[PDB]
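The chain below stands alone, shown as structure tokens; this is the form deposited in one PDB entry.
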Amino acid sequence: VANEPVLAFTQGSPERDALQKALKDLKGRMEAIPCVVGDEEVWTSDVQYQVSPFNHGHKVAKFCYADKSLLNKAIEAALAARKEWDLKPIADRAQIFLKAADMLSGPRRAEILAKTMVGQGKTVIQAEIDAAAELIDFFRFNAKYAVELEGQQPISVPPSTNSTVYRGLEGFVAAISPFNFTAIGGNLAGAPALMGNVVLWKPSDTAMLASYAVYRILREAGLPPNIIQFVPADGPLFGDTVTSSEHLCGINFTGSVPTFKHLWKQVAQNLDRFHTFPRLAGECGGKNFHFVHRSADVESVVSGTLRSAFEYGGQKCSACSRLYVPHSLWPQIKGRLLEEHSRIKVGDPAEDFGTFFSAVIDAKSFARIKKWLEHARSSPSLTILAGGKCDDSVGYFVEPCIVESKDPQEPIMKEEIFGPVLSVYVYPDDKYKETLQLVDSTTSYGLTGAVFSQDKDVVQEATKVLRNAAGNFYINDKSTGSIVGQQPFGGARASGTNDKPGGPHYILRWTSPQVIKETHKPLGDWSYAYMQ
């Protein structure tokens, strides 16, 4: 298996024509997305709408929230399907995901990209690397890893034969996916299902349109009923309900630190009722760095930092939000960042393929980011160098913002904003070693980080100092854009449990192996020779 090729979308290309046609097919249209339990389309009275972030007057989907009753019905029906699905050979379960991957690659590529663009506000290329490439790669690579895992078998010595059976977990898994990557929903529900689990999938409200498209592709690729239940819901009620079920065996979560910790506390509070110990997997965010040494390639620093900080509006757990620059290069880097900043286009990504990034996802995010832009004006240690405006009249539009902090410990250097807000700290060149320690100590997070240096001694030094500051560490590249099979993704500290989805070990969280020993000769006496 190889990584899915990323298409260029050149003027006149078939993929660009297909994508423009799929975008035109969504304009002025709304889909009614039901909850799905088995093959039943279920509607509750608690109706919700998804809107286009860059045109929030456009309702792109109507959906509804599952309540406690419907969620418990979905649990019961999933559990009643699990034994059969777990006994289905892994090669057969894998084939469904490989067929879904082929559909996303070819005939459904334009649709899944367009729904991710219109529903989540992604540009062409951000939709392509997510909803096509990453999702396709998770499905094909996890399928490869799961079939290869069957070959990891114990030793046999006469008179016995040993084997390992890679059972799914007994119970159901709750998959809770974020707004910002179509692919992550596919993986959070898909990887456990591949390993013989049954799943209640609560997709993100602001990603409904594309998340349901992923669900329908999996069902059309042959996923049986009751293996993944499609159950949008209020976050607290979903959490309360799954953590109250005696049958919970896992939570596969991506999102905020506090929500993950809350779910962990709810499981522990109910620990005496579960039939087994639930497995919690959480990817929980970052306050990621780009650290520049005075020997750096300045144009690589500028391009890589502008992409890491501002693509998809900085709405990535991997996005650079703290830049460390030596005094000697600062005038040059500042000049270049301010030059390029003025050439960044923010607008409608469906209508204008010149757009670098579009609106942030929703009103709540827009209000949080606006509070940070107010903080950057109201704080004595902060100076806005570029941007600072926002406008919610049409979409949730925030200009890319570059903020200089005179204080390396300022809250803007520590708290995850999840918006297009880059904080810069200028350090004395002769204090680069002290500044590496500041990079390591300043925040609670451990997710991504980059060092830009042509000086290999500084790279070797920075690599050692920052060993636990970043689970995905980059040398002379940007902190975003991990590729399945190339950079397995995750980190520790407050960033989560670090199960490295995108690598071969992630699937091991979703199997509880059994070992069988068969003895081929009679056993003989209970006593031992030495006892006689």
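Just count from 1 along the sequence shown to find any residue number. The term rigid core refers to the maximal set of C-alpha atoms that superpose within 1.5 Å between the two forms.
Keep in mind the form deposited in another entry is missing from the figure; the text below concerns it.
J.: Taking the rigid core as reference, which of 437, 244, 409, 156 is displaced at the C-alpha by at least 2 Å between the shown form and the other one?
T.: That would be 156.
J.: Once you line up the core, how about residue 180: does its CA shift reach 2 Å between the shown form and the other one?
T.: Yes; residue 180 is a residue whose C-alpha shifts (by 2 Å or more) between the shown form and the other one when the cores are overlaid.
J.: Please say whether, between the shown form and the other one, the C-alpha of residue 55 moves by 2 Å or more once the core is aligned.
T.: Residue 55: C-alpha displaced by less than 2 Å between the shown form and the other one.
J.: Align both forms on the core first, then report whether residue 31 has a C-alpha shift of 2 Å or more between the shown form and the other one.
T.: No, the C-alpha moves less than 2 Å.
J.: Do residue 184 and residue 204 move together or apart in that other deposited form, judged by C-alpha distance changing 3 Å or more?
T.: Those two alpha carbons end up closer in that other deposited form.
J.: Given that the distance between the C-alpha atoms of residue 321 and residue 183 changes by 3 Å or more in that other deposited form, do they end up closer or farther than here?
T.: Relative to the displayed form, residue 321 and residue 183 draw closer in that other deposited form - a change of at least 3 Å between their C-alphas.
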